[PDB]
Each structure stands twice: as C-alpha cells, then as structure tokens.
Amino acid sequence: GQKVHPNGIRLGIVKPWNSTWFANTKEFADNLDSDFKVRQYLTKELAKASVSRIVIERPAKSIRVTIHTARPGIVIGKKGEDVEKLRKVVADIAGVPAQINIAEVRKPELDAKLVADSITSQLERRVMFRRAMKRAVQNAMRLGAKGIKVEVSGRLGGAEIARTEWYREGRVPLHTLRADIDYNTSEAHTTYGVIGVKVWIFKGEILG
Amino acid sequence: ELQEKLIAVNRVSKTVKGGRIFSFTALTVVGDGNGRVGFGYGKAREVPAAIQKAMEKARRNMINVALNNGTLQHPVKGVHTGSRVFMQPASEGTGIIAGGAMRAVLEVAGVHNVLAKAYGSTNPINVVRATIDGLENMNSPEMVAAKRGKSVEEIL
Amino acid sequence: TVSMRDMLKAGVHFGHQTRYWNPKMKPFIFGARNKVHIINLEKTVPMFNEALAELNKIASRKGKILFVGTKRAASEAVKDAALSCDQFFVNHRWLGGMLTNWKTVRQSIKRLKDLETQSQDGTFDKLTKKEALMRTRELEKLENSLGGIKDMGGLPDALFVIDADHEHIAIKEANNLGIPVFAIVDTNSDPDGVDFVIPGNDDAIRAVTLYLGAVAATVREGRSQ
RNA sequence: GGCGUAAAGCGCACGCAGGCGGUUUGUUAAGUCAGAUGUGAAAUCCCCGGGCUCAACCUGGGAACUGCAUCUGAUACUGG
RNA sequence: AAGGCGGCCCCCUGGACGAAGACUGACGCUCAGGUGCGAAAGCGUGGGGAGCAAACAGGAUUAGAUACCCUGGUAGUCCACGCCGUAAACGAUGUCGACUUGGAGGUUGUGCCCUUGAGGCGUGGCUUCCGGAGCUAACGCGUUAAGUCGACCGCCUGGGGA
RNA sequence: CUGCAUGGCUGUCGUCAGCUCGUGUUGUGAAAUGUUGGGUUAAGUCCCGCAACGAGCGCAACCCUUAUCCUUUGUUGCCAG
RNA sequence: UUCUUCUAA
Ligand SMILES: [Mg+2]
Ligand SMILES: [Mg+2]
Ligand SMILES: [Mg+2]
Ligand SMILES: [Mg+2]
Ligand SMILES: [Mg+2]
Ligand SMILES: [Mg+2]
Ligand SMILES: [Mg+2]
Ligand SMILES: [Mg+2]
Ligand SMILES: [Mg+2]
Ligand SMILES: [Mg+2]
Ligand SMILES: [Mg+2]
Ligand SMILES: [Mg+2]
Ligand SMILES: [Mg+2]
Ligand SMILES: [Mg+2]
Ligand SMILES: [Mg+2]
Ligand SMILES: [Mg+2]
Ligand SMILES: [Mg+2]
Ligand SMILES: [Mg+2]
Ligand SMILES: [Mg+2]
Ligand SMILES: [Mg+2]
Ligand SMILES: [Mg+2]
Ligand SMILES: [Mg+2]
Ligand SMILES: [Mg+2]
Ligand SMILES: [Mg+2]
Ligand SMILES: [Mg+2]
Ligand SMILES: [Mg+2]
Ligand SMILES: [Mg+2]
Ligand SMILES: [Mg+2]
Ligand SMILES: [Mg+2]
Ligand SMILES: [Mg+2]
Ligand SMILES: [Mg+2]
Ligand SMILES: [Mg+2]
Ligand SMILES: [Mg+2]
Ligand SMILES: [Mg+2]
Ligand SMILES: [Mg+2]
Ligand SMILES: [Mg+2]
Ligand SMILES: [Mg+2]
Ligand SMILES: [Mg+2]
Ligand SMILES: [Mg+2]
Ligand SMILES: [Mg+2]
Ligand SMILES: [Mg+2]
C-alpha cells in the first residue's frame, strides 16, 4: 500500500471536490448517503453514456447534479426527454427539488475515468490486455497529454498466476503537488476474475 | 521489397537484488532476393519490441553477395565461433537444402539451389554469422579475372 | 599548393619519439634523429595535394565540412579556420556518438538555439536568478560543445581531423557512416581508419596553422566554383 | 576432430626397428602417369529402350564392375 | 635434458655461447619396444644425530577436540651403498625446422666511433613484461605462438563405477 | 472454504538513494557503458572528467504547520489613552 | 580465544 491516492492528496491545491456543499453534523451523513445513492443510480443508469465525473451541489435544500459526459446526446436524447426522466428520480432519492446540468467533456481520451472504462469495456469482451494498454497510451499522448501511465492488475488472459503490468509515456510526477494528475480507477469483471485498471494522466503544472 | 524473416526468439535473464529480470532477444535477417543480405539482433523487454529493433539494425549493414543464376558459384566455407559451415552450388531446382537458421539466411539471400551442412555448434546467432561470412568472401568469375589479370575465358 | 620548405620551416617533419610509434607508419617515416622519427616529406606533398583536390572536389558541390581538433593547444586555431571558410568545428570534446547518434544530439541542437533565443534575443531577465544562471551555464556549456555545428543540420560530407588517434572516436563514427576522413596521421597514430591519409606533425602550432590555411583556402576556392 | 584451462603431451632424455629427409647432375623405371591387351560369370545397381491395359514385374542393348596381370611408352615427382 | 643446483678453496669433469677462419660433405629430424636419469616421503644394511619434527605423551581450547595453540619428543631429516620410480614431476603447453608488425627491459659475448665519460653505432646467445595482425568458447596466446606450415611420436572419446 | 485463483487496501525493507529506458557504441553472447572516476552533498545533490548523449521514476521544490514583520477587518475578542 | 547446523515445491 505504498502510494497515496493522487486525487485525495491534491484536493486543496489543484483538484476540486466532487461534492461542494455545507451542512452541520446534524444533517451531514444524511446528505452523504444522499450523495451516494444518486452516484450509485446514475452510474448504473448512464452506463452506456460515457460519464466521467458526477459533481453534486446543494444550495438552499435543492440538489444540483452536474454530470460530466463525453456525449450529452445519449444523456439528453430528445430535448428534455431523458434528463427530465432522470431529474424526477433524483428528487425521489434526494428528497429535495432536483436539477441536472450537463458539462460536456472535450477530448475524452484525456480523461482518466473514460480511459479506464474504455480499457475495462475492451477487457470485458475478451481482447488482448496488452493491445488495450498500448492504444490507451498512444491516443492520449497524441491528443496532447504531457504524460500517461496506465496499469492493469491480476489474472490477465486467464493465467492462474496473477500479475500486474504498466506502461508509461511522458513524465508523470506523482510527488509534485501542483501536478495535474487526473487519476481514476475501473474494474473489469471477467469470467476468470476481477481485473483492476488504474490510469494516471498528467496535463501540466498549475502555476497558482 | 526487402523480405524479412525472424529466425528465432529467445528469453534471457538478468538477476538483480529484487529477483530475476526477464528480457527477450530476436534474431532477424533481411534480404532483397539478390546479393544484398543483412541480419540483425535486437533485444528489449517485450517480444514485438525486440523484433522491431532487430529489423531496424538488419536493414542497414547489408552485405553484397555475387550470386550465380540462382545458386552459388563455388563451394565456400564459413566459420564463426562455433560453426564451421559448408555450402555448395547445386543443380537447377533442387531447392534450398539447408538447416534451420541457415535456411532463413539463404532464402532472403535470393539463392534457390544450395547443398548445405552446418558442422560444429548450431547456435543460430553464430551460424547466421558463419554463412554471411561464408557468402561474403565468395568471389565471382569476374572478380578472379580482374584480380589475376586475365579474361574470364582464360579461367573457364 | 604547399611547398616542401613551407612544411620544413613549420615543422611538419617532426614527430614523436621511438617508443611511441606505430609500425603501420613505416612507408612514411624517413629516418630517426635524436631519438625522434622524421616524416618523409617526399611522400607528404603529393598526398596532401591529392587530399586538397578532393576538398576542392567535395566543396564544389556544396558539401559540408567538419573540422575536428580538441588538443587544448590547437583549440583556437581550428575555430578560426572554420570561421574563415564558414564551416563547422569541434574545439572542445568530441561527444561519443555525435555523428552516429545524431538524432539525440539533434535534440540538443534545438535546445542550444532556444537557450540562445531566450536569454539574448528573448531578454528573459527577472526570473529566479539562480535559474537565470542555470540558463546561462547551460547555454555556455552547449555552445562550448555543440556551438560549432549548430548550423549544420545534417551529417557532414567530409571530415577533417587534427589527430588520427586523439580523435579516434570521430574516425569510427565516420567509418560507419561512409563519410571520407581527412586526418594529420602522425607516427603515433593509426593510418587505417583515414580514407585520405596525410602525414605530418600534430603538436606544432605553426604546422596546425599551416595545415588549416591550406584547407581554408581550397574550401573558399572550392565554394565560389 | 581434438589435447593451456572442457576427456587428452609420457617427469625428462638417449636411442634400435620404423616413418621422414637439403641441394646439383647422370642413370634406373620401382612407385607414379598414359595407352593397349587379357580378365573382372550371369543376375543385381545405372542409362536408353521393349513387353505385360499401368505399375510392381519381365526383358534387349549399353555403361559400370573404380580391381589385377602382362606389354608398350612417358620421366616432373618419390624411390634405387 | 628434467628432477635440481647457493660460504670459500683445490682436484677430476659435462654442456652452452662468441669471434674469425679452416675442414668433413646430408653425416639429419623424430622414435613403439628398449635403456638411462628422476623431488620429497618410504625401505634395506652400516654410521651419525645439534636443530627441526610425523608418531606418541602431557597441557589448554571446546558440547566433544584422536585437531589447530602450547611444553616435550621417536622414526625421519644428515652420510655411505643399494632399492623404490612416484608429485599440481606445471609453462597443467612433446620434440625438431621454416616464415610472420612492434615496445620497454634483464643477462651474456663481440664489432665499430675520437672510450674527446659510465658514452655513440651495430651484430649473436639467453631471458622478462606489455601488445598488433592472426588465432581462440572465452580467458587469453601473441617471433620463446595457443599465429601460418612441415616431420615424427605420445594421448583423448559423457559423469560416475575407477 | 480457498489471500496459493483475485481486485481493492495495508505492513515491510525504507524517506533508504536508489531504480530504469531511448538511441549510440563495446562484446559471438549473457550483458556492459550511461549510473563509473575526481571532488562534494541529506540525496544518482551539484561541478568537472569521460563513448556516451538524452530522458523517466525517485531526491529536492511546489503543500500544511510553526517561528518575526506589514496591510485589511475589529465581535461574541482586545484595554494603551 | 572458541564459535556448529537448518529439511519441504
Ligand atoms: Mg504511506
Ligand atoms: Mg557440439
Ligand atoms: Mg572434440
Ligand atoms: Mg579440472
Ligand atoms: Mg584436463
Ligand atoms: Mg612436459
Ligand atoms: Mg617409451
Ligand atoms: Mg629430396
Ligand atoms: Mg630418379
Ligand atoms: Mg614404374
Ligand atoms: Mg595403366
Ligand atoms: Mg511399357
Ligand atoms: Mg557382372
Ligand atoms: Mg631421383
Ligand atoms: Mg669438399
Ligand atoms: Mg630425441
Ligand atoms: Mg630421501
Ligand atoms: Mg614403517
Ligand atoms: Mg635409512
Ligand atoms: Mg639407522
Ligand atoms: Mg636426538
Ligand atoms: Mg609440536
Ligand atoms: Mg602420474
Ligand atoms: Mg618442479
Ligand atoms: Mg614455474
Ligand atoms: Mg602432465
Ligand atoms: Mg601478450
Ligand atoms: Mg587454430
Ligand atoms: Mg604451433
Ligand atoms: Mg588451443
Ligand atoms: Mg498474498
Ligand atoms: Mg491482495
Ligand atoms: Mg492466514
Ligand atoms: Mg492450493
Ligand atoms: Mg542501451
Ligand atoms: Mg554486435
Ligand atoms: Mg544501479
Ligand atoms: Mg550497470
Ligand atoms: Mg563520484
Ligand atoms: Mg537526479
Ligand atoms: Mg546434523
């Protein structure tokens, strides 16, 4: 358990929280359950949508869910068709009036949750894991990432001895605190077990 | 237009403090179907990366071989470090009669009629060096005529 | 184009002692006076003039010439000769793989330009002044090594070497790439790696100026033609 | 094919039999080389054919049987 | 020749080398079997016996200590004459001959320059170190070859068993 | 039930200064060089040298806290006048 | 000064 989580260590410096609200201790853990249930529901519902980061914010007892996705067309559908379907079930879960905003993800090859899920979706339909890791790195360094490191782990190709492998291209400074390391993690539930995928993407140093 | 053949891939090792580090070596030879022959030996952590380093070095340092019609010109011998190698010009359409690593280097050499035998150690790295060394000092009827200072017809 | 008493006054016939000489230099040594070999200038002149003709041959078709000498006594003279006929020089240490591993040194040629651009032309004063000296000593170091070839861009077409064994690394890189080699091959050097061998002294400052000016002429004479 | 270190130079030396032998001329013709003759059974193998509807098979002619003997030469080499 | 040879003196005695000639005229090289030599240890007979020292004894050390360490100590070591015939008897490289770039030495002759100093220029023998080509699995060898060849001999054929 | 089918997470060597790659070169090859040497540093830290030239992960800095000053704002905090 | 040994895949 050597390495710190690169998102959680940068949360005061260059990364924002995925939930930015306030409550006292009386109403804290109910909100944190309320934030958890909608991230649970939307991830299950928008699985085919390439959703990356669900940002939750609640002013004045009214939740505002900001969905980041690579394509909003499958999230919206017709104009106020699926978003309005998803808005009324958030209000059932959160118990407050809801609001869904959609921020489009330019360059989905440079977003760690999308890249990790692309590797997972490829690994689930039984592709060669090494081929999937090459194309995930080549697409990001072409699109302009200053450095990407991907990593799969355990039970690769149904081999009984589970091992981990990782590729790296460009510089990925994890110890630099002002480094924009986009880090997120996916899991592939293959027929031979569970393959965990990690991906680090370095965009550049924020000079605050 | 340069046909490319890998002869053998091999996994080597290197023991460090953490344990064994594995690596892969690749022995490839290229050729144009004529006297331009060249081999390469690459090495990397991964098998497709190792053949690519081998194909890269094989495309330069080519060597030129004065062939006959489709065969060699005189029975020549070649040695390198474990492998004395005999090869012989042969009649038309008898095929490449050659062993293992020697088959791959003569096929991209553009010969088609050889009678070969690899004596000694048949390690693919040294026997592919022994044929290239064997083919390089093979001399033409033109080369011996200019050297001895006679015509081709006085040599017959 | 250079007479024998030109060579005899500068000290081309001088060499090294009898405990340092190479037996391959036997067709070029005349005799041995005061335990120092004497270079046969009867064979120096028609071979050095055969070499200057090929310089006039290669620099006619706009070939690139690289001067190679890092003897730390003839370091300034090999720079001044290359700036006369505006060709390329190596006065401080020949980097291992400067020709064969050109594609990595190319990534330092571009770095040499950007450090000269940023500080001199870009005028990037008022930065963190310890890095401002780190920018300075970087540009000082790269100009000291790659400044003589920073406008060359590609591989040269002929190589002029001051010493055939002191710059033996540059001989091997030229032998791989098929580039012809011009070298002052002294008695303590190896005359096999040089494509056009020129006998002569190596430590004589007068002879270094004598050798280079005969080359700095036939490049300028070869450039206009 | 090997023998410093992988199996392998006798601990060293003298020396009989044996193997080998500088250079020049003459002679010899033993070796050697060439030719011829005799012989090397047939079958078999090989080549070109022929015959069984093809093939296996059968068969004509040839080459081969690389040997040995005798004779006629050749004289560089080796021997005398 | 190998084993080997160490104060000094004498007697007997083998070999090498050099300088110039003179002379014999292939008289040579190698060698199974054979014969001779052959360290130390050992054996036989007869001496000798200071020191050293297997064996053995005592002391320590140690879990034990038939060892290392200590104090003693006998064959032995020494001489004469025989025998044994073996060693990592090694350069782990059989002998003889020819050719093939160099450098720094050691030793031992000999010629030459005015020895104008122990110097200058050569020319032989033997020897040490480094190293090029070449060779070699590599290490390395490298004009004293493990390079390039010739003549003859000895020997090898998986590890044990042996 | 199987941590000896795994993911995730953690100890540990060890906050030890190390660990590697690209191209080049050397070696038939395993590999080597770089990364060694001279100094120096907490540090593969830096400088010089060098068949290496570069780059990456780390050793450092960027972060938090503490240590002095300034400006701004003074209640539920403060009391010199 | 003395200071030994460690099986299983
Ligand atoms: Mg931690
Ligand atoms: Mg074998
Ligand atoms: Mg054998
Ligand atoms: Mg042994
Ligand atoms: Mg042996
Ligand atoms: Mg012997
Ligand atoms: Mg005998
Ligand atoms: Mg004779
Ligand atoms: Mg005769
Ligand atoms: Mg006869
Ligand atoms: Mg006859
Ligand atoms: Mg028929
Ligand atoms: Mg018959
Ligand atoms: Mg005769
Ligand atoms: Mg007489
Ligand atoms: Mg004898
Ligand atoms: Mg005795
Ligand atoms: Mg007894
Ligand atoms: Mg006795
Ligand atoms: Mg007695
Ligand atoms: Mg006594
Ligand atoms: Mg005692
Ligand atoms: Mg014995
Ligand atoms: Mg001895
Ligand atoms: Mg000795
Ligand atoms: Mg022996
Ligand atoms: Mg040597
Ligand atoms: Mg040999
Ligand atoms: Mg020999
Ligand atoms: Mg040998
Ligand atoms: Mg475990
Ligand atoms: Mg685990
Ligand atoms: Mg347990
Ligand atoms: Mg089990
Ligand atoms: Mg490398
Ligand atoms: Mg190589
Ligand atoms: Mg290291
Ligand atoms: Mg290393
Ligand atoms: Mg150092
Ligand atoms: Mg560093
Ligand atoms: Mg026991």
# chains A, B, ... in the order shown; residues from 1 in each chain; ligands from 1
>>> residues_near_ligand(ligand="ligand 11", cutoff="8 Å", atoms="only C-alpha atoms (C1' of nucleotides) and all ligand atoms", output="list in words")
residues 33, 34 and 35 of chain D
>>> residues_near_ligand(ligand="ligand 14", cutoff="9 Å", atoms="only C-alpha atoms (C1' of nucleotides) and all ligand atoms", output="MDAnalysis selection string")
chainID D and resid 77:80
>>> select_by_dssp(residues="region 88-128 of chain A", states="alpha helix (DSSP H)", output="ChimeraX atom specification")
/A:88-94,112-124
>>> residues_around(residues="region 2-7 of chain G", least_positions_apart="5", cutoff="12 Å", atoms="only C-alpha atoms (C1' of nucleotides)", output="list in words")
residues 61, 62, 63, 64, 65, 68 and 69 of chain E
>>> write_last_selection(atoms="N, CA, C and O atoms (P, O5', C5', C4', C3', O3' and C1' of nucleotides)", output="PDB file, in the first residue's frame")
ATOM      1  P     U E  61      40.984 -23.962  29.051  1.00  0.00           P
ATOM      2  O5'   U E  61      40.646 -23.968  27.504  1.00  0.00           O
ATOM      3  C5'   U E  61      40.911 -22.829  26.708  1.00  0.00           C
ATOM      4  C4'   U E  61      40.559 -23.096  25.275  1.00  0.00           C
ATOM      5  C3'   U E  61      39.148 -23.585  25.045  1.00  0.00           C
ATOM      6  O3'   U E  61      38.200 -22.539  25.054  1.00  0.00           O
ATOM      7  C1'   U E  61      40.657 -24.917  23.814  1.00  0.00           C
ATOM      8  P     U E  62      36.876 -22.674  25.943  1.00  0.00           P
ATOM      9  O5'   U E  62      36.008 -23.729  25.143  1.00  0.00           O
ATOM     10  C5'   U E  62      35.612 -23.460  23.814  1.00  0.00           C
ATOM     11  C4'   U E  62      35.166 -24.710  23.117  1.00  0.00           C
ATOM     12  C3'   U E  62      34.071 -25.492  23.810  1.00  0.00           C
ATOM     13  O3'   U E  62      32.785 -24.947  23.614  1.00  0.00           O
ATOM     14  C1'   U E  62      35.773 -26.965  23.102  1.00  0.00           C
ATOM     15  P     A E  63      31.698 -25.047  24.786  1.00  0.00           P
ATOM     16  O5'   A E  63      31.330 -26.592  24.820  1.00  0.00           O
ATOM     17  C5'   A E  63      30.658 -27.160  25.929  1.00  0.00           C
ATOM     18  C4'   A E  63      30.150 -28.537  25.600  1.00  0.00           C
ATOM     19  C3'   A E  63      31.200 -29.532  25.143  1.00  0.00           C
ATOM     20  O3'   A E  63      31.843 -30.157  26.236  1.00  0.00           O
ATOM     21  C1'   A E  63      29.359 -29.578  23.660  1.00  0.00           C
ATOM     22  P     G E  64      33.437 -30.116  26.378  1.00  0.00           P
ATOM     23  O5'   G E  64      33.923 -31.279  25.416  1.00  0.00           O
ATOM     24  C5'   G E  64      33.488 -32.608  25.637  1.00  0.00           C
ATOM     25  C4'   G E  64      33.577 -33.439  24.388  1.00  0.00           C
ATOM     26  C3'   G E  64      34.910 -33.411  23.667  1.00  0.00           C
ATOM     27  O3'   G E  64      35.866 -34.278  24.249  1.00  0.00           O
ATOM     28  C1'   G E  64      33.164 -33.118  22.111  1.00  0.00           C
ATOM     29  P     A E  65      37.279 -33.710  24.749  1.00  0.00           P
ATOM     30  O5'   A E  65      38.003 -33.246  23.414  1.00  0.00           O
ATOM     31  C5'   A E  65      38.301 -34.185  22.387  1.00  0.00           C
ATOM     32  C4'   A E  65      39.193 -33.603  21.321  1.00  0.00           C
ATOM     33  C3'   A E  65      40.208 -32.553  21.783  1.00  0.00           C
ATOM     34  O3'   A E  65      41.415 -32.715  21.048  1.00  0.00           O
ATOM     35  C1'   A E  65      38.940 -31.696  20.021  1.00  0.00           C
ATOM     36  P     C E  68      47.486 -30.178  16.223  1.00  0.00           P
ATOM     37  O5'   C E  68      47.210 -28.686  15.771  1.00  0.00           O
ATOM     38  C5'   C E  68      47.236 -28.335  14.399  1.00  0.00           C
ATOM     39  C4'   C E  68      46.484 -27.058  14.153  1.00  0.00           C
ATOM     40  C3'   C E  68      46.920 -25.880  14.998  1.00  0.00           C
ATOM     41  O3'   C E  68      48.038 -25.214  14.450  1.00  0.00           O
ATOM     42  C1'   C E  68      44.561 -26.061  15.028  1.00  0.00           C
ATOM     43  P     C E  69      49.434 -25.216  15.228  1.00  0.00           P
ATOM     44  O5'   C E  69      49.090 -24.527  16.615  1.00  0.00           O
ATOM     45  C5'   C E  69      48.808 -23.141  16.672  1.00  0.00           C
ATOM     46  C4'   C E  69      48.685 -22.667  18.091  1.00  0.00           C
ATOM     47  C3'   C E  69      49.776 -23.124  19.033  1.00  0.00           C
ATOM     48  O3'   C E  69      50.973 -22.387  18.915  1.00  0.00           O
ATOM     49  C1'   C E  69      47.685 -23.458  20.053  1.00  0.00           C
TER      50        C E  69
END
>>> closest_atom_pairs(of="chain B", to="chain F", cutoff="9 Å", atoms="only C-alpha atoms (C1' of nucleotides)", output="CSV")
residue,atom,partner,partner_atom,distance
B:12,CA,F:30,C1',7.4
B:13,CA,F:30,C1',7.9
B:14,CA,F:30,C1',8.2
B:80,CA,F:28,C1',7.5
B:81,CA,F:28,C1',6.3
B:82,CA,F:28,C1',8.7
B:125,CA,F:28,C1',7.2
B:126,CA,F:28,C1',6.0
B:129,CA,F:28,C1',8.4
>>> write_last_selection(atoms="N, CA and C atoms", output="mmCIF file, in the first residue's frame")
data_model
loop_
_atom_site.group_PDB
_atom_site.id
_atom_site.type_symbol
_atom_site.label_atom_id
_atom_site.label_comp_id
_atom_site.auth_asym_id
_atom_site.auth_seq_id
_atom_site.Cartn_x
_atom_site.Cartn_y
_atom_site.Cartn_z
ATOM 1 N N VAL B 12 16.019 -14.206 -22.316
ATOM 2 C CA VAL B 12 17.201 -14.210 -21.480
ATOM 3 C C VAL B 12 16.840 -13.591 -20.139
ATOM 4 N N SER B 13 17.790 -13.626 -19.213
ATOM 5 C CA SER B 13 17.525 -13.192 -17.855
ATOM 6 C C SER B 13 18.698 -12.396 -17.313
ATOM 7 N N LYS B 14 18.455 -11.755 -16.175
ATOM 8 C CA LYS B 14 19.435 -10.882 -15.539
ATOM 9 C C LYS B 14 19.024 -10.751 -14.082
ATOM 10 N N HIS B 80 32.297 -19.103 -37.703
ATOM 11 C CA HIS B 80 32.227 -18.064 -36.679
ATOM 12 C C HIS B 80 31.931 -18.753 -35.350
ATOM 13 N N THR B 81 32.980 -18.971 -34.555
ATOM 14 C CA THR B 81 32.951 -19.112 -33.098
ATOM 15 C C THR B 81 32.316 -20.414 -32.596
ATOM 16 N N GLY B 82 31.514 -21.087 -33.394
ATOM 17 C CA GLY B 82 31.178 -22.444 -33.031
ATOM 18 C C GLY B 82 30.833 -23.259 -34.243
ATOM 19 N N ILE B 125 22.748 -17.727 -33.656
ATOM 20 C CA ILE B 125 23.420 -16.444 -33.819
ATOM 21 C C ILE B 125 24.741 -16.623 -34.544
ATOM 22 N N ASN B 126 25.509 -17.630 -34.159
ATOM 23 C CA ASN B 126 26.816 -17.803 -34.765
ATOM 24 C C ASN B 126 26.736 -18.485 -36.118
ATOM 25 N N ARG B 129 25.996 -15.845 -38.575
ATOM 26 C CA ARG B 129 27.210 -15.103 -38.860
ATOM 27 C C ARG B 129 28.138 -15.895 -39.758
#
>>> atom_distance(atom1="CA of residue 139 (chain C)", atom2="CA of residue 105 (chain C)")
14.7 Å
>>> residues_near_ligand(ligand="ligand 12", cutoff="10 Å", atoms="only C-alpha atoms (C1' of nucleotides) and all ligand atoms", output="PDB file with N, CA and C atoms (P, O5', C5', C4', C3', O3' and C1' of nucleotides), in the first residue's frame")
ATOM      1  P     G D  49      14.505 -43.187 -74.052  1.00  0.00           P
ATOM      2  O5'   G D  49      14.153 -44.371 -75.052  1.00  0.00           O
ATOM      3  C5'   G D  49      13.321 -45.446 -74.651  1.00  0.00           C
ATOM      4  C4'   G D  49      13.636 -46.690 -75.441  1.00  0.00           C
ATOM      5  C3'   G D  49      12.548 -47.743 -75.499  1.00  0.00           C
ATOM      6  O3'   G D  49      11.533 -47.451 -76.439  1.00  0.00           O
ATOM      7  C1'   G D  49      14.594 -48.779 -74.994  1.00  0.00           C
ATOM      8  P     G D  50      10.010 -47.840 -76.113  1.00  0.00           P
ATOM      9  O5'   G D  50      10.002 -49.428 -76.138  1.00  0.00           O
ATOM     10  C5'   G D  50      10.193 -50.132 -77.354  1.00  0.00           C
ATOM     11  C4'   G D  50      10.230 -51.619 -77.128  1.00  0.00           C
ATOM     12  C3'   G D  50       9.030 -52.205 -76.416  1.00  0.00           C
ATOM     13  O3'   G D  50       7.895 -52.357 -77.238  1.00  0.00           O
ATOM     14  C1'   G D  50      10.975 -53.060 -75.440  1.00  0.00           C
ATOM     15  P     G D  51       6.441 -52.085 -76.621  1.00  0.00           P
ATOM     16  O5'   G D  51       6.128 -53.407 -75.799  1.00  0.00           O
ATOM     17  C5'   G D  51       6.155 -54.671 -76.437  1.00  0.00           C
ATOM     18  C4'   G D  51       6.115 -55.792 -75.435  1.00  0.00           C
ATOM     19  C3'   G D  51       4.907 -55.815 -74.526  1.00  0.00           C
ATOM     20  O3'   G D  51       3.764 -56.350 -75.157  1.00  0.00           O
ATOM     21  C1'   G D  51       6.853 -56.182 -73.254  1.00  0.00           C
ATOM     22  P     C D  52       2.342 -55.651 -74.931  1.00  0.00           P
ATOM     23  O5'   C D  52       2.286 -55.439 -73.360  1.00  0.00           O
ATOM     24  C5'   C D  52       1.105 -55.721 -72.637  1.00  0.00           C
ATOM     25  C4'   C D  52       1.303 -56.884 -71.705  1.00  0.00           C
ATOM     26  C3'   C D  52       0.386 -56.912 -70.501  1.00  0.00           C
ATOM     27  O3'   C D  52      -0.883 -57.451 -70.814  1.00  0.00           O
ATOM     28  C1'   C D  52       2.607 -57.336 -69.816  1.00  0.00           C
ATOM     29  P     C D  54       0.478 -52.317 -70.150  1.00  0.00           P
ATOM     30  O5'   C D  54       0.753 -51.274 -68.989  1.00  0.00           O
ATOM     31  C5'   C D  54       0.874 -49.898 -69.287  1.00  0.00           C
ATOM     32  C4'   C D  54       0.769 -49.055 -68.047  1.00  0.00           C
ATOM     33  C3'   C D  54       1.815 -49.301 -66.983  1.00  0.00           C
ATOM     34  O3'   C D  54       3.031 -48.639 -67.270  1.00  0.00           O
ATOM     35  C1'   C D  54      -0.329 -49.106 -65.990  1.00  0.00           C
ATOM     36  P     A D  55       4.429 -49.371 -67.003  1.00  0.00           P
ATOM     37  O5'   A D  55       4.519 -49.456 -65.419  1.00  0.00           O
ATOM     38  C5'   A D  55       4.663 -48.289 -64.629  1.00  0.00           C
ATOM     39  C4'   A D  55       4.376 -48.591 -63.184  1.00  0.00           C
ATOM     40  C3'   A D  55       5.218 -49.696 -62.577  1.00  0.00           C
ATOM     41  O3'   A D  55       6.464 -49.225 -62.103  1.00  0.00           O
ATOM     42  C1'   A D  55       2.945 -50.103 -62.114  1.00  0.00           C
TER      43        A D  55
END
>>> interface_residues(of="chain C", to="chain B", cutoff="12 Å", atoms="only C-alpha atoms", output="VMD selection string")
chain C and resid 176 to 178
